[PDB]
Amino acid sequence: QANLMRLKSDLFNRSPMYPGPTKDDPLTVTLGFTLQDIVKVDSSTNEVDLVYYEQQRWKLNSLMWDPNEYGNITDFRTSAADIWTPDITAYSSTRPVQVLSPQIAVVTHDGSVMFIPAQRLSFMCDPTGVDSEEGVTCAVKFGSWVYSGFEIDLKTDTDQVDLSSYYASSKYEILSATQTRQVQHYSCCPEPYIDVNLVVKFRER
């Protein structure tokens, strides 16, 4: 534990925290979703509740170290509060997202960070037709709240949502689930905006 304490002190206590990305030093965040359950549909307010894991990854020069200088530590776990993290947010939630897991990240000696919060999210969806063979389609966009594509770029590893852990006995079965990078341009500004579109088709039985 002596070496890890030294490393953390060197990384965190010995310099001002990373002030986030800028156009001159942009960063790429990879997003991936693991859908666990569709827990609730409300057809009187058009709200649907999902439970999922959101995998985020990024890399910072300021979090790099040489394992040989620290007893060959190649990675460590630490509170998310200890590091900068991206402001990735649902764009059409209807209630504050509910965090279901400890806020702890894994940092690797190449400066890469992996952070996987589990969340319950209520978002806007008209669920009518959910009780049919065809099912229904809902969508919610995820992206930075304040950084344009010039500061934060988003990427997915695959366009397919991970369904391997979807609750087998859910009230709702998943027909398809995709996660797709998009580039928007608002008629006010020249910079691109990026989001990842979570599109889920599902039905009752």
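Start at 1 and count along the sequence shown; that's the residue number.
Looking at mean Cα B-factors across 87 to 95 and 121 to 129, the upper value is held by 121 to 129. Taking the mean C-alpha B-factor of each stretch as recorded, 46 to 54 and 171 to 179 are not equal, and the higher mean is that of 171 to 179.
Within the selection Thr28, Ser144, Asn68, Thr34, the deposited Cα B-factor values reach their highest point at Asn68. When the CA B factors of the chain's modelled residues are split into thirds, the value for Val136 lands in the highest one. When the CA B factors of the chain's modelled residues are split into thirds, the value for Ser112 lands in the lowest one. In this PDB entry, the Cα temperature factor of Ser101 sits in the bottom third of its chain's modelled residues, the lowest group.
Annotation for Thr78: CA B-factor lies in the lowest third of the chain's modelled residues.
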